[PDB]
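Here the structure is laid out as structure tokens; the discussion comes afterwards.
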Amino acid sequence: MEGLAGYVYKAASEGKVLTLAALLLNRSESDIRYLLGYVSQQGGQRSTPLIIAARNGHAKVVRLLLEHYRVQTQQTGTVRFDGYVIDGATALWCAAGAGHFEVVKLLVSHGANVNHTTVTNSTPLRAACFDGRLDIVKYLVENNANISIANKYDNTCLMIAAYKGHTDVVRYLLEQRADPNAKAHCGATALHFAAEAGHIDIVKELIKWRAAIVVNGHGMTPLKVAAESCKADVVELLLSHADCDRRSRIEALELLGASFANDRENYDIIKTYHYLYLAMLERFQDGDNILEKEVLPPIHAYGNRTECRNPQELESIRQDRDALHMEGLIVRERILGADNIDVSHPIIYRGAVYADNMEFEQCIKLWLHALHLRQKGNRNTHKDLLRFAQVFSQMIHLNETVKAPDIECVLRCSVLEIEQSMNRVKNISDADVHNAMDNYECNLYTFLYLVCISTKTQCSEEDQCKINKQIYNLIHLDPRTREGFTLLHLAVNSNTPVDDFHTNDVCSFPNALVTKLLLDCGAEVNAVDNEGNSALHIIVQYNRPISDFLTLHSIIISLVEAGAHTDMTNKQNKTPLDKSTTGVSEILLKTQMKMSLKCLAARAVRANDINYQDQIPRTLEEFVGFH
Amino acid sequence: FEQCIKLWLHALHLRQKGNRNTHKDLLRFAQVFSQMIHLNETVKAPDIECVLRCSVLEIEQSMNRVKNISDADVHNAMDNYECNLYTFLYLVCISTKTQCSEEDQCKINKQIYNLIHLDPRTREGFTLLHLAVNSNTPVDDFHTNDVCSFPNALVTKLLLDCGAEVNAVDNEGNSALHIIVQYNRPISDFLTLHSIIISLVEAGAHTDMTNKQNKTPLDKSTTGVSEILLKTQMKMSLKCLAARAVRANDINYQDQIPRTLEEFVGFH
Amino acid sequence: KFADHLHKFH
């Protein structure tokens with residue numbers, strides 16, 4: 001039973017002996033075997049008393065579980081409930097990850113489940129490597145470990161061992177002729193993972209055992225990966241390989257100098273200038289066979305600086321912080337290319353720093369460039385548009401002015417991203433559709449914020465018609481959230497999530513200007529929620545009528561004269577007057593309610609339960625339907 | 001830490017007034033400063049300058065002791081005197097790591113000036129400059145290993161400010177520049193390889209001097225970054241080129257050149 | 001501050 005399962009789980013949590021013996025004996029020995037072979041949802045997480053004894057580290061409970069009872073070690077569970085949130089574990093995984101050598105020792109001894117394949121086909125050797133303790137890995141290798149497995153992330157145990165801060169496991173793996181040249185999911189050979197967090201000893205060990213230098217899926221050598229992450233030590237080690245070439249040496253030095261310019265943990269502008277100058281002097285040293293820089297055409301986002309192909313201009317921009325920052329951005333874009341994953345984040349950081357210094361024009365420029373790069377790479381920018389809505393709120397709450405082409409570009413990108421978010425939601429049925437739907441709703445909210453700023457600025461005729469074109473393009477896609485709210489239900493809803501950051505001030509919902517903009521940009525005013533409420537059943541439920549009359553009045557005016565049918569019944573068969581938790585909303589609606597005999601006759605047909613099917617016009621069947 | 005510093009300073013004063021060996025006391029006291037630095041706490045200047053004066057006095061006394069003593073005591077005095085030199089280096093690193101007032105910095109510079117003009121030398125002949133730019137300079141396994149790292153671009157600039165003999169030589173003839181060029185972490189530490197080379201060069205280091213095996217600083221460079229960076233700062237002079245051609249062609253320069261030029265051909 | 005919210009994705 002579930003109650004006795006919880007009882008024995010609690011007994012195993014404290015690691016007791018007599019309580020576990022009494023609670024797992026005599027009474028229904030078949031059910032006792034079932035309980036020791038059962039997994040339950042405790043604390044919202046799937047776990048087993050045996051696997052939690054392997055987790056808690058209490059010895060005697062697991063000794064008497066594996067000795068006084070014949071319990072299998074193949075019981076299901078969760079490999080990690082923080083950062084991984086995936087099930088399918090075994091006792092070996094939780095024993096190794098927690099860090100108990102003796103527990104996993106007598107767990108493998110009482111049943112060798114070393115080749116355990118979960119839902120993500122990851123063996124407990126991953127837990128052994130992630131724990132970092134050498135003894136568990138030593139024993140699991142002594143149990144004839146098959147070191148060839150790739151996870152759902154397609155990473156060998158060597159890759160995760162090198163990515164973590166543990167080098168003893170890496171040394172033990174390479175000491176028995178492991179695979180330091182084998183490829184991971186994209187391109188990683190554990191060098192791209194050792195040269196990501198700054199583990200110089202792991203890189204040294206892999207280089208000593210000939211891990212080789214090969215580009216990854218993004219064309220990034222481990223030297224270039226280390227240079228990208230501001231790892232000066234790893235770049236120093238990898239620049240001495242007996243085959244590095246001048247072009248790669250100077251591009252790694254330039255990338256390191258550029259990376260030092262725009263970063264948070266490692267932000268040094270003196271190191272930026274010095275590494276850029278060191279790579280410049282290395283270019284211009286011989287005169288004969290002089291190495292010349294492949295200067296890209298100027299980019300409007302980084303001011304108008306066309307790189308620095310001479311030491312004179314580089315020395316000129318030595319003392320200029322902004323020039324050095326944009327030079328680092330240009331060098332990163334040139335070396336990495338405008339398609340890398342890591343080429344966009346420094347641009348966003350420089351934009352954020354500029355925004356924090358009340359500098360907004362080049363902030364918008366840099367963030368728009370990063371947004372364009374991430375859209376061309378087809379990546380989730382539901383946070384970048386939120387950052388745009390927050391900075392646009394900052395440019396409005398501080399009484400500044402916002403350029404209309406900026407809002408137009410952000411709105412076009414938001415419309416696009418909502419379109420591919422709909423594509424992602426509809427393409428993936430149920431595999432991870434929850435996060436995709438949440439991103440979709442967040443992106444709709446960011447669009448509504450952007451429309452809210454668009455209503456609170458001044459625009460020319462061409463800019464205003466472009467903005468209205470983007471709003472029309474979105475509103476004709478019928479964007480519905482998970483509860484059914486169209487893009488206008490949210491604009492009239494009090495319970496619309498506004499971000500707690502700077503959008504909480506400028507962007508207030510319900511909005512009388514956003515609603516009118518959506519209405520005259522072609523929004524279906526008679527749109528229906530999944531609950532059944534129309535766009536009017538929501539505004540007349542507004543709980544701040546007298547305080548916010550101007551918003552409440554102008555929305556109800558806008559909807560009714562924009563075509564709202566002020567008699568619709570939701571799936572609970574309630575008119576907007578019936579679903580009006582406010583006397584003022586009732587007064588306003590009754591002022592705007594235009595009576596018709598079709599509405600009264602449909603109300604009498606619905607209320608009297610008259611069978612109208614196949615006795616009325618087909619177009620009128622819907623009319624009786626929403627009455 | 002104030003009470004601990006005061007008690008240690010009083011004990012050091014009491015031991016010094018009694019004419020006793022204080023290399024271990026100075027070493028432990030510098031370890032205490034390094035531990036306090038590692039905790040990010042405000043550092044007083046007067047105790048720094050007082051312990052600098054005590055350290056230079058102790059180094060002078062150590063030189064006096066090693067000048068005439070038995071052979072086992074010669075080894076003991078040499079070890080203690082080199083340890084005193086290293087502790088002075090750690091104290092200079094501590095002094096330049098913290099913030100001090102104008103008069104306190106002037107007093108610290110005066111103490112460093114006094115020790116520099118005392119001209120201390122280790123077994124191999126390393127002066128204070130040849131140790132502040134040497135990556136093989138030993139650092140104690142205690143808290144001094146956390147903040148006292150050598151080569152240091154701030155100790156060297158302090159020694160150059162106080163007037164260390166830049167072109168001084170070891171027993172092998174290596175200048176203070178023959179030592180920083182062979183630094184093993186050029187790219188990783190392109191801030192103490194640059195701010196030292198650009199400091200020694202502008203302080204008057206001959207970037208052509210030959211050691212006992214006739215190897216110039218850019219010939220004694222074990223990495224390509226130092227060669228690139230040294231050749232940028234080096235300046236040409238016809239006295240250097242002509243002396244180099246005299247040495248290369250094995251011409252007799254004995255009594256056919258000025259006495260002050262027989263030394264110039266000696267190392268160029 | 002804007003630069004603080006970037007640490008969520010890094």
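The way I read the labels, and the way they are meant: chains A, B, ... in the order of the structure tokens, residue 1 as the first residue of every chain, and ligand 1 as the first ligand shown, with later ones counted on from there.
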Write out as a list in words which residues come within 9 Å of residue 1 (chain C) when counting only C-alpha atoms, dropping same-chain ones fewer than 4 positions away.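 Once the nearby chain positions are removed, what remains is residues 352, 353, 355 and 356 of chain A; 5 of chain C.
Here the alpha helix (DSSP H) residues in chain C, by DSSP on the backbone, are residues 2, 3, 4 and 5 of chain C.
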Residue selection dump (C-alpha atoms) as a CSV table (one decimal), in the first residue's frame:
```csv
chain,number,residue,atom,x,y,z
C,2,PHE,CA,20.2,45.9,-16.3
C,3,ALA,CA,23.6,44.2,-16.0
C,4,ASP,CA,22.4,42.1,-13.0
C,5,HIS,CA,19.5,40.5,-14.9
```
Which one of A:593, A:280, A:98, A:125 sits closest to chain B if you count only C-alpha atoms?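 When distances to chain B are compared using only C-alpha atoms, the smallest one comes from A:280.
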Residues at most 7 Å from region 94-109 of chain B, counting only C-alpha atoms, excluding those fewer than 3 positions away in the same chain, as an mmCIF file with N, CA, C and O atoms, in the first residue's frame?
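Result file is part-v2.cif:
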```cif
data_model
loop_
_atom_site.group_PDB
_atom_site.id
_atom_site.type_symbol
_atom_site.label_atom_id
_atom_site.label_comp_id
_atom_site.auth_asym_id
_atom_site.auth_seq_id
_atom_site.Cartn_x
_atom_site.Cartn_y
_atom_site.Cartn_z
ATOM 1 N N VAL B 43 44.815 48.364 5.933
ATOM 2 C CA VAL B 43 46.162 48.156 6.450
ATOM 3 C C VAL B 43 46.729 49.489 6.910
ATOM 4 O O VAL B 43 46.665 50.486 6.179
ATOM 5 N N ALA B 45 49.718 52.084 7.705
ATOM 6 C CA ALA B 45 51.027 52.440 7.166
ATOM 7 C C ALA B 45 52.163 52.490 8.195
ATOM 8 O O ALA B 45 53.275 52.040 7.876
ATOM 9 N N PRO B 46 51.971 53.066 9.400
ATOM 10 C CA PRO B 46 53.114 53.174 10.329
ATOM 11 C C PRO B 46 53.738 51.845 10.718
ATOM 12 O O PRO B 46 54.966 51.767 10.847
ATOM 13 N N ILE B 48 53.814 49.209 8.789
ATOM 14 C CA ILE B 48 54.539 48.800 7.587
ATOM 15 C C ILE B 48 55.906 49.472 7.533
ATOM 16 O O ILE B 48 56.928 48.815 7.306
ATOM 17 N N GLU B 49 55.951 50.787 7.753
ATOM 18 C CA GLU B 49 57.241 51.464 7.656
ATOM 19 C C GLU B 49 58.159 51.099 8.819
ATOM 20 O O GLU B 49 59.380 50.988 8.633
ATOM 21 N N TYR B 90 58.658 40.460 0.482
ATOM 22 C CA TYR B 90 57.250 40.278 0.819
ATOM 23 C C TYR B 90 56.685 41.533 1.469
ATOM 24 O O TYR B 90 55.542 41.920 1.202
ATOM 25 N N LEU B 91 57.476 42.187 2.321
ATOM 26 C CA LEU B 91 57.023 43.416 2.961
ATOM 27 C C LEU B 91 56.849 44.538 1.945
ATOM 28 O O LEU B 91 55.921 45.342 2.060
ATOM 29 N N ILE B 112 63.337 51.604 1.657
ATOM 30 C CA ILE B 112 63.735 50.807 0.501
ATOM 31 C C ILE B 112 64.995 51.384 -0.132
ATOM 32 O O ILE B 112 65.864 50.643 -0.601
ATOM 33 N N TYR B 113 65.127 52.713 -0.129
ATOM 34 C CA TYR B 113 66.332 53.359 -0.637
ATOM 35 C C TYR B 113 67.546 52.970 0.191
ATOM 36 O O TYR B 113 68.623 52.704 -0.355
ATOM 37 N N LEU B 154 54.646 45.809 -9.389
ATOM 38 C CA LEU B 154 54.575 46.888 -8.414
ATOM 39 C C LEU B 154 55.788 46.938 -7.500
ATOM 40 O O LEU B 154 56.222 48.028 -7.119
ATOM 41 N N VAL B 155 56.337 45.782 -7.125
ATOM 42 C CA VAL B 155 57.594 45.767 -6.383
ATOM 43 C C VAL B 155 58.720 46.321 -7.243
ATOM 44 O O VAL B 155 59.543 47.116 -6.777
ATOM 45 N N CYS B 162 62.913 53.785 -6.068
ATOM 46 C CA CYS B 162 63.895 53.966 -5.009
ATOM 47 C C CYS B 162 65.325 53.805 -5.500
ATOM 48 O O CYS B 162 66.256 53.930 -4.701
#
```
Between B:50, B:9, B:205, B:230, which has the minimum distance to chain A (counting only C-alpha atoms)?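 Nearest candidate to chain A out of B:50, B:9, B:205, B:230: B:230.
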Nearby residues (only C-alpha atoms) at most 8 Å from residue 165 (chain B), same-chain spacing under 3 positions excluded, as number ranges by chain: B: 129, 160, 168
Need to verify the contact set: region 130-144 of chain B, 7 Å, only C-alpha atoms, exclusion of same-chain residues closer than 3 positions in sequence. Can you return it as a VMD selection string? chain B and resid 31 34 to 35 126 to 127 147 to 148 150 to 152 155 to 156 176 179 to 180 183
Output C-alpha atoms for every residue in that selection, as a PDB file, in the first residue's frame.
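Contents of the output file part-v8.pdb:
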```
ATOM      1  CA  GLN B  31      52.803  36.011   6.942  1.00  0.00           C
ATOM      2  CA  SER B  34      49.584  38.501   3.959  1.00  0.00           C
ATOM      3  CA  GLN B  35      46.821  36.708   5.861  1.00  0.00           C
ATOM      4  CA  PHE B 126      70.528  38.304  -7.113  1.00  0.00           C
ATOM      5  CA  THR B 127      69.985  41.865  -5.923  1.00  0.00           C
ATOM      6  CA  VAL B 147      49.426  37.727  -2.210  1.00  0.00           C
ATOM      7  CA  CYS B 148      53.244  37.810  -2.673  1.00  0.00           C
ATOM      8  CA  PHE B 150      56.941  37.147  -8.186  1.00  0.00           C
ATOM      9  CA  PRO B 151      57.607  38.638 -10.741  1.00  0.00           C
ATOM     10  CA  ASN B 152      55.591  41.617  -9.513  1.00  0.00           C
ATOM     11  CA  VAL B 155      57.594  45.767  -6.383  1.00  0.00           C
ATOM     12  CA  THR B 156      59.842  46.350  -9.399  1.00  0.00           C
ATOM     13  CA  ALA B 176      67.386  42.275 -14.184  1.00  0.00           C
ATOM     14  CA  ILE B 179      65.511  37.246 -15.934  1.00  0.00           C
ATOM     15  CA  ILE B 180      62.125  38.745 -16.821  1.00  0.00           C
ATOM     16  CA  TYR B 183      59.325  34.319 -17.801  1.00  0.00           C
TER      17      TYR B 183
END
```
Using only C-alpha atoms, tabulate the residues of chain A lying at most 9 Å from any atom of chain B, each with its closest atom pair and that distance in Å to one decimal, by chain and increasing residue number, as a tab-separated table.
```
residue	atom	partner	partner_atom	distance
A:231	CA	B:188	CA	8.4
A:232	CA	B:188	CA	4.8
A:233	CA	B:188	CA	4.8
A:234	CA	B:188	CA	8.1
A:235	CA	B:188	CA	7.5
A:236	CA	B:187	CA	5.3
A:237	CA	B:188	CA	8.6
A:239	CA	B:187	CA	8.9
A:253	CA	B:187	CA	8.5
A:270	CA	B:191	CA	8.6
A:271	CA	B:191	CA	7.4
A:274	CA	B:190	CA	7.3
A:275	CA	B:190	CA	7.6
A:278	CA	B:229	CA	7.7
A:281	CA	B:228	CA	7.1
A:282	CA	B:228	CA	6.9
A:285	CA	B:228	CA	7.7
```
Check which residues of region 151-191 of chain A sit at most 10 Å from region 220-228 of chain A using only C-alpha atoms, and return one row each with the closest pair of atoms and their distance in Å to one decimal, ordered by chain and rising number, as CSV.
```
residue,atom,partner,partner_atom,distance
A:187,CA,A:220,CA,8.6
A:188,CA,A:222,CA,8.5
A:189,CA,A:222,CA,8.8
A:190,CA,A:222,CA,9.1
A:191,CA,A:222,CA,5.8
```
Generate the output file for the selected residues, C-alpha atoms, as a compact mmCIF listing (two decimals), in the first residue's frame.
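The result, stored in result-v2.txt:
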```txt
# COMPACT_ATOMS: atom_id res chain seq x y z
CA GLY A 187 32.25 18.99 -31.49
CA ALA A 188 33.68 18.69 -28.00
CA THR A 189 36.62 16.36 -27.32
CA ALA A 190 36.72 17.25 -23.58
CA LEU A 191 39.20 19.96 -24.55
```
List the neighbours of residue 171 (chain B) out to 12 Å using only C-alpha atoms; skip same-chain residues closer than 4 positions along the sequence, and give me the result as a PyMOL selection string. chain B and resi 121-127+130+175+211-213
Closest pair table for chain A residues within 12 Å of chain C, only C-alpha atoms, as JSON lines:
```
{"residue": "A:229", "atom": "CA", "partner": "C:10", "partner_atom": "CA", "distance": 11.5}
{"residue": "A:262", "atom": "CA", "partner": "C:3", "partner_atom": "CA", "distance": 11.6}
{"residue": "A:263", "atom": "CA", "partner": "C:10", "partner_atom": "CA", "distance": 9.8}
{"residue": "A:264", "atom": "CA", "partner": "C:3", "partner_atom": "CA", "distance": 8.4}
{"residue": "A:265", "atom": "CA", "partner": "C:7", "partner_atom": "CA", "distance": 10.2}
{"residue": "A:341", "atom": "CA", "partner": "C:10", "partner_atom": "CA", "distance": 11.6}
{"residue": "A:342", "atom": "CA", "partner": "C:10", "partner_atom": "CA", "distance": 9.8}
{"residue": "A:344", "atom": "CA", "partner": "C:10", "partner_atom": "CA", "distance": 11.0}
{"residue": "A:345", "atom": "CA", "partner": "C:10", "partner_atom": "CA", "distance": 7.5}
{"residue": "A:346", "atom": "CA", "partner": "C:10", "partner_atom": "CA", "distance": 9.6}
{"residue": "A:347", "atom": "CA", "partner": "C:6", "partner_atom": "CA", "distance": 11.4}
{"residue": "A:348", "atom": "CA", "partner": "C:6", "partner_atom": "CA", "distance": 8.2}
{"residue": "A:349", "atom": "CA", "partner": "C:3", "partner_atom": "CA", "distance": 6.4}
{"residue": "A:350", "atom": "CA", "partner": "C:3", "partner_atom": "CA", "distance": 8.6}
{"residue": "A:351", "atom": "CA", "partner": "C:3", "partner_atom": "CA", "distance": 8.7}
{"residue": "A:352", "atom": "CA", "partner": "C:2", "partner_atom": "CA", "distance": 5.2}
{"residue": "A:353", "atom": "CA", "partner": "C:3", "partner_atom": "CA", "distance": 6.0}
{"residue": "A:354", "atom": "CA", "partner": "C:2", "partner_atom": "CA", "distance": 9.2}
{"residue": "A:355", "atom": "CA", "partner": "C:2", "partner_atom": "CA", "distance": 7.1}
{"residue": "A:356", "atom": "CA", "partner": "C:2", "partner_atom": "CA", "distance": 6.2}
{"residue": "A:357", "atom": "CA", "partner": "C:2", "partner_atom": "CA", "distance": 10.0}
{"residue": "A:358", "atom": "CA", "partner": "C:2", "partner_atom": "CA", "distance": 10.9}
{"residue": "A:363", "atom": "CA", "partner": "C:2", "partner_atom": "CA", "distance": 11.1}
{"residue": "A:380", "atom": "CA", "partner": "C:9", "partner_atom": "CA", "distance": 11.6}
{"residue": "A:381", "atom": "CA", "partner": "C:9", "partner_atom": "CA", "distance": 11.5}
{"residue": "A:383", "atom": "CA", "partner": "C:9", "partner_atom": "CA", "distance": 9.4}
{"residue": "A:384", "atom": "CA", "partner": "C:6", "partner_atom": "CA", "distance": 10.0}
{"residue": "A:386", "atom": "CA", "partner": "C:5", "partner_atom": "CA", "distance": 11.2}
{"residue": "A:387", "atom": "CA", "partner": "C:2", "partner_atom": "CA", "distance": 8.3}
{"residue": "A:388", "atom": "CA", "partner": "C:2", "partner_atom": "CA", "distance": 10.9}
{"residue": "A:390", "atom": "CA", "partner": "C:2", "partner_atom": "CA", "distance": 9.0}
{"residue": "A:391", "atom": "CA", "partner": "C:2", "partner_atom": "CA", "distance": 8.6}
{"residue": "A:394", "atom": "CA", "partner": "C:2", "partner_atom": "CA", "distance": 10.6}
{"residue": "A:500", "atom": "CA", "partner": "C:5", "partner_atom": "CA", "distance": 11.8}
{"residue": "A:501", "atom": "CA", "partner": "C:1", "partner_atom": "CA", "distance": 9.1}
{"residue": "A:502", "atom": "CA", "partner": "C:1", "partner_atom": "CA", "distance": 9.6}
```
Can those selected residues be exported to a file as a CSV table (one decimal), in the first residue's frame so that it contains C-alpha atoms?
```csv
chain,number,residue,atom,x,y,z
A,229,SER,CA,35.8,32.7,-22.2
A,262,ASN,CA,33.0,43.0,-22.7
A,263,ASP,CA,32.5,40.6,-19.8
A,264,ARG,CA,31.2,40.6,-16.2
A,265,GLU,CA,33.4,38.1,-14.2
A,341,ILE,CA,26.2,31.3,-29.8
A,342,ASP,CA,28.6,33.4,-27.8
A,344,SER,CA,25.7,38.0,-29.0
A,345,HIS,CA,26.0,38.0,-25.2
A,346,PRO,CA,28.9,40.5,-24.9
A,347,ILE,CA,26.8,42.9,-27.1
A,348,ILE,CA,23.9,42.5,-24.7
A,349,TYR,CA,26.2,43.1,-21.8
A,350,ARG,CA,27.6,46.3,-23.3
A,351,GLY,CA,24.1,47.4,-24.1
A,352,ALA,CA,23.0,46.7,-20.5
A,353,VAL,CA,26.0,48.7,-19.1
A,354,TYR,CA,25.2,51.6,-21.4
A,355,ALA,CA,21.6,51.5,-20.3
A,356,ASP,CA,22.7,51.5,-16.6
A,357,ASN,CA,24.7,54.7,-17.5
A,358,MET,CA,21.5,56.4,-18.8
A,363,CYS,CA,22.1,50.7,-26.1
A,380,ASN,CA,14.9,32.0,-28.4
A,381,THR,CA,14.9,35.8,-28.0
A,383,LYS,CA,14.2,37.6,-23.1
A,384,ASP,CA,15.8,40.0,-25.5
A,386,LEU,CA,11.6,41.7,-22.7
A,387,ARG,CA,14.8,43.6,-22.2
A,388,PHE,CA,13.7,45.9,-25.0
A,390,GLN,CA,12.2,47.2,-20.1
A,391,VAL,CA,14.6,49.7,-21.6
A,394,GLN,CA,13.1,53.3,-18.8
A,500,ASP,CA,8.4,43.3,-12.0
A,501,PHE,CA,11.2,45.2,-13.6
A,502,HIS,CA,10.9,48.7,-15.2
```
My list of candidates is B:214, B:21, B:64, B:195. Which is closest to residue 244 (chain B) when distances are computed with only C-alpha atoms?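 Nearest to residue 244 (chain B): B:214.
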Measure the distance from CA of residue 419 (chain A) to CA of residue 478 (chain A) in Å and round it to one decimal.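 So the answer is 10.3 Å.
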Within 12 Å of residue 608 (chain A), counting only C-alpha atoms, which residues show up once you throw out same-chain ones fewer than 6 positions away? Write them as a PyMOL selection string, please. chain A and resi 601-602+624+627
Between A:74, A:508, A:272, A:495, which is the closest to residue 455 (chain A) once you count only C-alpha atoms?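 Under the stated criterion, the closest residue is A:508.
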Work out how far CA of residue 30 (chain A) is from CA of residue 115 (chain A), in Å to one decimal.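 Separation of CA of residue 115 (chain A) and CA of residue 30 (chain A): 28.7 Å.
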Between CA of residue 5 (chain A) and CA of residue 42 (chain A) - distance in Å to one decimal: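 That distance, rounded to one decimal, is 10.1 Å.
Closest to residue 598 (chain A) among A:571, A:27, A:565, A:105 is A:565, based on only C-alpha atoms.
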